[PDB]
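Q: Next up, entry-v6.cif (mmCIF, C-alpha atoms and all ligand atoms).
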data_data
#
loop_
_atom_site.label_atom_id
_atom_site.label_comp_id
_atom_site.auth_asym_id
_atom_site.auth_seq_id
_atom_site.Cartn_x
_atom_site.Cartn_y
_atom_site.Cartn_z
CA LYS A 500 265.01 -15.50 37.26
CA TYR A 501 262.06 -13.12 37.18
CA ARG A 502 262.02 -9.70 35.51
CA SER A 519 260.69 -3.81 31.64
CA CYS A 520 261.08 -3.76 27.84
CA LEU A 521 258.38 -1.12 27.45
CA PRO A 522 256.61 -0.60 25.17
CA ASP A 523 258.37 -3.18 22.99
CA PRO A 524 261.98 -4.42 22.84
CA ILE A 525 262.27 -3.19 19.24
CA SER A 526 261.57 0.45 20.16
CA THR A 527 262.33 0.45 23.89
CA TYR A 528 263.25 3.72 25.57
CA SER A 529 266.05 2.16 27.68
CA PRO A 530 267.84 -0.60 25.74
CA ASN A 531 270.32 -1.08 28.60
CA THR A 532 267.49 -2.14 30.95
CA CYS A 533 265.68 -4.66 28.73
CA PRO A 534 267.57 -8.00 28.89
CA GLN A 535 266.67 -8.80 25.26
CA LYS A 536 269.73 -7.29 23.59
CA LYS A 537 269.80 -6.91 19.82
CA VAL A 538 272.58 -8.81 18.05
CA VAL A 539 273.53 -9.78 14.50
CA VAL A 540 273.74 -13.24 12.96
CA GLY A 541 277.29 -14.48 12.42
CA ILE A 542 278.79 -16.90 9.92
CA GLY A 543 277.29 -20.37 10.13
CA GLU A 544 274.72 -19.38 12.77
CA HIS A 545 270.95 -18.92 12.88
CA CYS A 546 268.59 -16.33 14.33
CA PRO A 547 268.93 -16.49 18.15
CA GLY A 548 265.26 -15.57 18.58
CA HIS B 160 273.90 -37.86 38.54
CA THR B 161 275.37 -41.23 37.58
CA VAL B 162 275.94 -44.48 39.43
CA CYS B 163 278.77 -47.03 39.52
CA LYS B 164 278.15 -50.30 37.67
CA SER B 165 281.20 -52.11 39.09
CA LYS B 166 280.23 -52.19 42.78
CA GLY B 167 276.78 -50.60 42.92
CA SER B 168 274.92 -47.57 44.28
CA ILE B 169 271.94 -47.07 46.57
CA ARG B 170 270.40 -44.58 44.11
CA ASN B 171 269.58 -45.20 40.43
CA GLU B 172 271.15 -43.57 37.38
CA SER B 173 268.53 -41.03 36.27
CA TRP B 174 269.53 -38.09 34.06
CA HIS B 175 266.98 -38.38 31.22
CA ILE B 176 263.27 -39.22 31.15
CA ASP B 177 262.44 -39.27 27.41
CA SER B 178 260.63 -42.58 26.89
CA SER B 179 260.55 -42.23 23.09
CA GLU B 180 263.52 -41.69 20.77
CA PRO B 181 264.39 -37.96 20.64
CA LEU B 182 265.90 -36.26 17.61
CA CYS B 183 269.64 -36.98 17.52
CA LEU B 184 272.32 -35.45 15.30
CA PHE B 185 275.20 -37.75 16.30
CA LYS B 186 275.34 -41.20 17.92
CA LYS B 187 278.56 -43.23 17.74
CA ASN B 188 280.64 -45.50 19.97
CA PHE B 189 284.40 -45.33 20.51
CA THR B 190 286.70 -47.74 22.35
CA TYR B 191 289.58 -46.46 24.49
CA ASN B 192 292.54 -48.17 26.14
CA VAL B 193 291.29 -49.50 29.48
CA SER B 194 294.85 -49.87 30.81
CA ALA B 195 295.57 -46.14 30.93
CA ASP B 196 296.34 -43.70 33.73
CA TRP B 197 295.31 -40.32 32.26
CA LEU B 198 293.02 -39.27 29.42
CA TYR B 199 293.06 -35.97 27.52
CA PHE B 200 290.24 -34.36 25.55
CA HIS B 201 289.60 -31.18 23.56
CA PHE B 202 286.20 -29.57 22.98
CA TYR B 203 285.96 -26.31 21.03
CA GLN B 204 283.63 -24.75 18.46
CA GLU B 205 283.81 -22.22 15.64
CA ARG B 206 281.25 -21.02 13.06
CA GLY B 207 278.63 -23.38 14.47
CA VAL B 208 280.83 -26.47 13.99
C1 LIG C 1 277.33 -48.14 22.51
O1 LIG C 1 277.56 -49.08 23.57
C2 LIG C 1 276.48 -49.16 24.52
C3 LIG C 1 276.93 -50.11 25.61
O2 LIG C 1 277.29 -51.37 25.07
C4 LIG C 1 275.20 -49.60 23.82
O3 LIG C 1 274.13 -49.60 24.76
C5 LIG C 1 273.45 -50.87 24.69
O4 LIG C 1 272.33 -50.81 23.79
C6 LIG C 1 271.63 -52.05 23.67
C7 LIG C 1 270.55 -51.85 22.62
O5 LIG C 1 271.12 -51.52 21.36
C8 LIG C 1 271.06 -52.47 25.03
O6 LIG C 1 270.43 -53.73 24.91
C9 LIG C 1 272.18 -52.54 26.06
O7 LIG C 1 271.63 -52.80 27.35
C10 LIG C 1 272.96 -51.23 26.10
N1 LIG C 1 274.07 -51.32 27.03
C11 LIG C 1 274.19 -50.53 28.10
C12 LIG C 1 275.40 -50.76 28.96
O8 LIG C 1 273.36 -49.67 28.37
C13 LIG C 1 274.89 -48.67 22.66
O9 LIG C 1 273.77 -49.16 21.93
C14 LIG C 1 276.09 -48.55 21.72
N2 LIG C 1 275.81 -47.61 20.65
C15 LIG C 1 276.01 -47.89 19.36
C16 LIG C 1 275.67 -46.80 18.39
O10 LIG C 1 276.44 -48.98 18.99
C1 LIG C 2 297.29 -49.44 26.64
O1 LIG C 2 298.36 -48.81 27.36
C2 LIG C 2 299.37 -49.73 27.81
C3 LIG C 2 300.36 -48.92 28.62
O2 LIG C 2 299.87 -47.62 28.89
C4 LIG C 2 300.01 -50.43 26.62
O3 LIG C 2 300.95 -51.39 27.09
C5 LIG C 2 298.94 -51.12 25.78
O4 LIG C 2 299.52 -51.67 24.60
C6 LIG C 2 297.84 -50.13 25.39
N1 LIG C 2 296.79 -50.80 24.66
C7 LIG C 2 296.69 -50.77 23.32
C8 LIG C 2 295.53 -51.51 22.73
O5 LIG C 2 297.50 -50.16 22.63
#
Starting from the file, lay out its structure as structure tokens.
Ligand SMILES: *[C@@H]1O[C@H](CO)[C@@H](O[C@@H]2O[C@H](CO)[C@@H](O)[C@H](O)[C@H]2NC(C)=O)[C@H](O)[C@H]1NC(C)=O
Ligand SMILES: *[C@@H]1O[C@H](CO)[C@@H](O)[C@H](O)[C@H]1NC(C)=O

A:
Amino acid sequence: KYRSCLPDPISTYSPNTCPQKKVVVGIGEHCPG
Amino acid sequence: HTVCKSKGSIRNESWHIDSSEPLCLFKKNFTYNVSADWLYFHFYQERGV
């Protein structure tokens, strides 16, 4: 599906709006992206 | 989708298109009892296994 994440997802002003949610790496897993 | 090899289907079994050999992590064959009424399977994961 189509799409703010402005200016960047790292320092976005509304983290609840940007679909790229920040998570942590678990045991036996890799970086999701 | 898949087709039936016993009788036959008007379509053709086409679910992959990779002409070369893709990278595979597991490829084995297992034989099951053909004269059986019900089959049971489990599929779960934990810690990437
Ligand atoms: C598991 O069994 C299938 C079916 O017998 C094997 O698929 C055959 O592979 C050969 C080449 O190795 C082809 O010539 C046959 O036409 C295939 N059969 C079918 C029905 O597609 C498969 O190779 C087996 N896997 C292993 C690891 O032994
Ligand atoms: C398959 O199941 C039937 C009955 O369900 C049984 O008689 C037969 O021995 C089984 N086959 C094998 C190889 O155990």

Q: Of the candidates B:171, B:207, B:190, B:200, which shows the shortest atom-to-atom distance to ligand LIG 2 (chain C), using only C-alpha atoms and all ligand atoms?

A: B:190

Q: So how far away is CA of residue 542 (chain A) from CA of residue 529 (chain A), in Å?

A: 29.0 Å

Q: Do you know which residues are within 12 Å of ligand LIG 1 (chain C) using all atoms listed in the file? Can you write them as number ranges by chain?

A: B: 163-165, 172, 183, 185-190

Q: Between atom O4 of ligand LIG 2 (chain C) and CA of residue 191 (chain B), what is the spacing in Å?

A: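 So the two atoms, CA of residue 191 (chain B) and atom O4 of ligand LIG 2 (chain C), lie 11.2 Å apart.
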
Q: Write out as a list in words every residue belonging to chain A that has an atom at most 8 Å from any atom of chain B, counting only C-alpha atoms.

A: residues 541, 542, 543 and 544 of chain A

Q: Step by step, measure atom-to-atom distances between ligand LIG 2 (chain C) and each residue using only C-alpha atoms and all ligand atoms, keep those at most 7 Å, then write them as a tab-separated table (two decimals) with C-alpha atoms, keeping the file's coordinate frame.

A:
chain	number	residue	atom	x	y	z
B	192	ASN	CA	292.54	-48.17	26.14
B	193	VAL	CA	291.29	-49.50	29.48
B	194	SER	CA	294.85	-49.87	30.81
B	195	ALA	CA	295.57	-46.14	30.93

Q: What does the structure give for the distance between CA of residue 174 (chain B) and CA of residue 548 (chain A), in Å to one decimal?

A: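 Taking CA of residue 174 (chain B) as the start and CA of residue 548 (chain A) as the end point, the length is 27.7 Å.
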
Q: Find the residues around residue 533 (chain A) up to 7 Å (all atoms listed in the file counted), leave out those fewer than 5 positions away in its own chain, and share them as a ChimeraX atom specification.

A: /A:519-520,524
